[PDB]
Amino acid sequence: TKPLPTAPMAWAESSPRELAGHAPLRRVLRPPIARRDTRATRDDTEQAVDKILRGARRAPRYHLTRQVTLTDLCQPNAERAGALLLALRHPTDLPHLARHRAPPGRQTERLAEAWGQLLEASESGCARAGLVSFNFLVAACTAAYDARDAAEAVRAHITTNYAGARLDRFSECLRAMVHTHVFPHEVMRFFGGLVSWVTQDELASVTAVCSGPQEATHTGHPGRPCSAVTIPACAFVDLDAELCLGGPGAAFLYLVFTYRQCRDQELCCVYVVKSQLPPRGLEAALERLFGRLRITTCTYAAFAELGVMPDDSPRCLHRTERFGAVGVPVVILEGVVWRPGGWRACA
Amino acid sequence: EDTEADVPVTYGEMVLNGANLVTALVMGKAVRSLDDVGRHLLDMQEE
Amino acid sequence: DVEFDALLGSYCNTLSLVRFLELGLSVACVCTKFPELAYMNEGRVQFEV
Amino acid sequence: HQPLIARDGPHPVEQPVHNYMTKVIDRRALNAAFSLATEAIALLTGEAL
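Residues numbered from 1 in each chain as written, not as in the entry; some residues may be left out. Chains lettered and ligands numbered in written order. Part of a larger assembly, values for the part shown. Heavy atoms only, no water. Residues with missing side-chain atoms left out of burial classes, pairs and counts.

If you look chain C up in the PDB entry, it shows as Major capsid protein from Human herpesvirus 2. For this entry, the PDB title field holds "Atomic structure of the herpes simplex virus type 2 B-capsid".

In the nomenclature of the PDB entry, chain A is known as Triplex capsid protein 1 of Human herpesvirus 2.

**Digging into the sheet that holds strand 8 (residues 268-274) of chain A**
Whether parallel or antiparallel, the strands of a sheet pair through hydrogen bonds between backbone atoms. All names here are of chain A. Taken together, the five strands give an open sheet; going across it, the order is 6-12-9-7-8, and neighbouring strands pair in antiparallel fashion. Two strands lie at the open edges of the sheet, namely strand 6 (212-213) and strand 8, each paired on one side alone. Each of strand 7 (251-259), strand 8 and strand 9 (301-309) is contacted by helix 8 (residues 279-287), which is oriented at about 130° to strand 9, the strand it contacts most. (Pairing = 2+ DSSP bridges. Helix = DSSP H or I, 4+ residues; strand = E, 2+ residues; numbered from the N terminus. Contact = heavy atoms within 4.5 Å. Axes fitted to C-alpha atoms, helices over the stretch in contact; angles between N-to-C directions.)

**Brief notes about the environment of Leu 174 of chain A**
Residues and elements named next belong to chain A. Within the element layout of this structure, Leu 174 appears in helix 7 (residues 164-179). C-alpha of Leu 174 to C-alpha of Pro 278: the two residues are 104 residues apart in sequence and 29 Å apart in space. When residues no more than four places from it in sequence are discounted, the contact partners of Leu 174 are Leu 137, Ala 140, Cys 141, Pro 184 and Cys 268.

**Regarding the state of the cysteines**
Residues and elements named next belong to chain A. Residue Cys 141 pairs covalently with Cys 268 via a disulfide, S to S 2.0 Å. Between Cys 141 and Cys 268 the disulfide shows an S-S torsion of about -120°. By sign, it is left-handed. Unpaired in this structure, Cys 74 has its nearest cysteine sulfur neighbour in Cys 234, at a distance of 12 Å. (Disulfide = S-S within 2.5 Å.)

**Details of the environment of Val 31 of chain B**
Within the secondary structure layout, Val 31 of chain B lies in strand 1 (residues 29-31). For the pair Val 31 of chain B and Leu 16 of chain B, spaced 15 residues apart in sequence, the C-alpha to C-alpha distance is 8.8 Å. Excluding residues within four positions of it along the chain, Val 31 of chain B makes contact with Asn 20 of chain B together with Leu 7 of chain C.

**Describing the packing of helix 6 (residues 152-159) of chain A against helix 7 of chain A**
Residue and element names in this part refer to chain A. Following both chains from N to C, one finds helix 6 and helix 7 inclined at 125°, their axes separated by 9 Å at the closest point. The orientation of helix 6 with respect to helix 7, classified from their angle, is oblique. Contacts between helix 6 and helix 7 pair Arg 155, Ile 158 and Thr 159 from the former with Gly 164, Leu 167 and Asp 168 from the latter. Grouping the amino acids of the contact of helix 6 with helix 7 by side-chain chemistry returns two nonpolar, two polar and two charged. (Parallel < 35°, antiparallel > 145°, perpendicular 65-115°, else oblique. Nonpolar A, V, L, I, M, F, W, Y, C, P; charged D, E, K, R; others polar.)

**Overview of the sheet that holds strand 3 (residues 132-133) of chain A**
All names here are of chain A. Here three strands make up an open sheet; going across it, the order is 3-2-4 and the pairing antiparallel. In this open sheet, the two edge strands, each paired with only one partner strand, are strand 3 and strand 4 (190-192). Relative to strand 4, strand 2 (residues 85-86) runs antiparallel, the two being bridged by two bridges. The residue bridging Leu 85 from the neighbouring strand is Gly 192, located in strand 4.

**Observations regarding the pairing of strand 11 (residues 327-332) of chain A**
Regular strands place side chains that alternate from one sheet face to the opposite one. Residue and element names in this part refer to chain A. In this sheet, strand 11 lies alongside strand 10 (residues 316-322) in antiparallel orientation, the contact comprising five bridges. In the sheet register, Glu 321 faces strand 11, and the bridge partner there is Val 328. Between the antiparallel neighbours strand 10 and strand 11 lie four residues, among them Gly 324 with a positive phi of about 95°.

**Side note on the packing of aromatic side chains**
Residue and element names in this part refer to chain A. Taking 4.7 Å as the distance between ring centres and 35° as the angle between the ring planes, the aromatic pair formed by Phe 190 and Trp 338 counts as tilted. Ring geometry for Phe 257 versus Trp 343: centroids 5.5 Å apart, planes at 65°, classification edge-to-face. Directly above the ring of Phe 290 sits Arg 292, whose terminal nitrogen or CZ lies 5.3 Å from the centroid. (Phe/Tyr/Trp six-rings, centres within 6.5 Å; stacked < 30°, edge-to-face > 60°. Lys NZ or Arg CZ within 6 Å of the ring centre and 35° of its normal.)

**Here's the deal with helix 7 of chain A**
With 16 residues, helix 7 of chain A extends 22 Å from end C-alpha to end C-alpha; this agrees with the ideal 22 Å at 1.5 Å per step. Just downstream of helix 7 of chain A, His 181 of chain A is the residue with a positive phi angle, here 70°. (Expected span 1.5 Å × (residues − 1).)

**With respect to the side chain of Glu 242 of chain A**
Residue and element names in this part refer to chain A. Here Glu 242 is to be found in the loop between strand 6 and strand 7. Among the polar contacts listed, one links the side chain of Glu 242 to the side chain of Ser 275, at a separation of 3.5 Å. Residues contacting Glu 242, with those up to four places away along its chain left out, are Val 273, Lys 274, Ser 275, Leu 277, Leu 282 and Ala 285. (Polar contact = N/O pair within 3.5 Å; in protein donor to acceptor, adjacent residues only side chain to side chain.)

**Looking at the arrangement of the chains**
In this assembly, five pairs of chains are in contact, and the pair with the greatest number of contacts comprises chains B and C. Considering only C-alpha positions, the minimal separation of the non-contacting chain B and chain D is 14 Å.

Written out as structure tokens, the structure reads:
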């Protein structure tokens with residue numbers, strides 16, 4: 001209720017050039033060149049039309065992508081307010097390509113059987129299946145990658161909410177893909193943050209952020225009567241937090257797939273790295289920290305940049321959220337801006 | 001057929017007001033006509 | 001954040017009370033309230049024709 | 001709430017029965033869209049006049 005130091009609040013509690021712009025330009029006439037010498041329902045309708053008034057009186061920090069998919073893989077309801085959705089593209093190549101780009105000594109028939117088998121396990125018509133969730137990868141590779149039961153706690157989450165078959169079928173696909181030189185990347189690009197699903201039966205319409213900040217979305221305590229919002233890594237198993245040594249800078253968020261090429265029999269590792277390095281410096285630090293280079297070709301990891309967390313500090317690690325009965329180390333990331341980035345792995 | 005015409009009507013409206021708001025925040029619960037439903041329970045034990 | 005849960009109505013039921021003197025069937029019989037039948041063994045009716 | 005019939009003989013014996021039950025509201029959302037060309041915008045604001 002008013003301050004002592006007035007000048008700082010008129011700007012805080014709250015153009016004239018555009019007013020002056022039309023003033024010389026538009027106010028001026030015939031220039032240029034010169035010559036010498038109905039209680040509630042009614043209220044609602046009126047407001048919708050009016051809303052079209054204000055929004056049509058004017059006119060960028062947000063982008064929404066929207067898509068319809070099935071609930072076979074993925075599943076919006078199990079997931080929450082802040083979640084990574086990864087797209088999956090063109091099931092048509094049941095290893096059709098396996099024919100090529102597959103080195104000899106490879107039974108390229110593995111994918112077609114692994115994958116077609118996946119379909120039997122879980123036709124084309126009304127919709128297609130895209131949108132793999134971040135969650136569903138953590139469980140599929142849970143037993144594959146390094147930490148178990150912090151990792152398997154995520155697997156308990158998906159079997160009880162999202163089927164262990166599909167996880168196992170999809171894991172067989174990841175093994176078969178990493179086998180034949182068709183990788184999980186060059187598939188599964190980043191899609192968004194999962195604003196609102198709107199599902200019906202086996203169908204889902206998923207809105208999610210193409211890019212822009214997350215926290216500024218549907219917001220509220222939670223989006224709709226669900227819970228809060230966050231980009232919680234979902235693993236104390238994922239959220240490899242680099243910058244063991246660090247100085248304040250905007251943390252960055254990348255997506256890395258680590259593989260095993262007969263060292264472990266086509267290992268799939270999927271996690272997120274959070275440190276301040278611009279992609280030209282991440283390839284170096286990815287060379288270190290990794291002994292997965294086993295030739296036992298030489299293409300160990302492939303990474304794309306999700307975006308920025310233009311504040312270092314929100315990196316909460318919580319093994320504390322329920323997506324049904326199951327509990328998961330959950331790391332909360334406070335504030336995120338999404339830069340989709342591109343996939344770079346040459347080596 | 002009887003009449004080709006008839007005597008229909010318009011809309012009924014529910015709103016949270018007064019002690020419905022106050023129970024929709026600090027609590028998160030609401031009941032239709034909590035005013036009378038509430039004061040028929042208070043009357044009831046006052047006799 | 002606001003979210004809530006509502007109770008959107010209560011509906012109860014009225015037991016009808018059927019009297020039996022308000023019926024059709026009451027014609028076909030004579031009714032008397034005899035409070036002492038508990039205390040009686042044989043009751044009879046004479047019928048001379 | 002449900003009624004009874006008092007009845008005689010080798011029959012079990014009636015007790016009033018009261019059934020209580022709640023139901024849940026089925027939530028949908030109807031939606032429609034319209035749209036404006038790029039020309040219409042900026043003509044209506046006053047931008048291109």
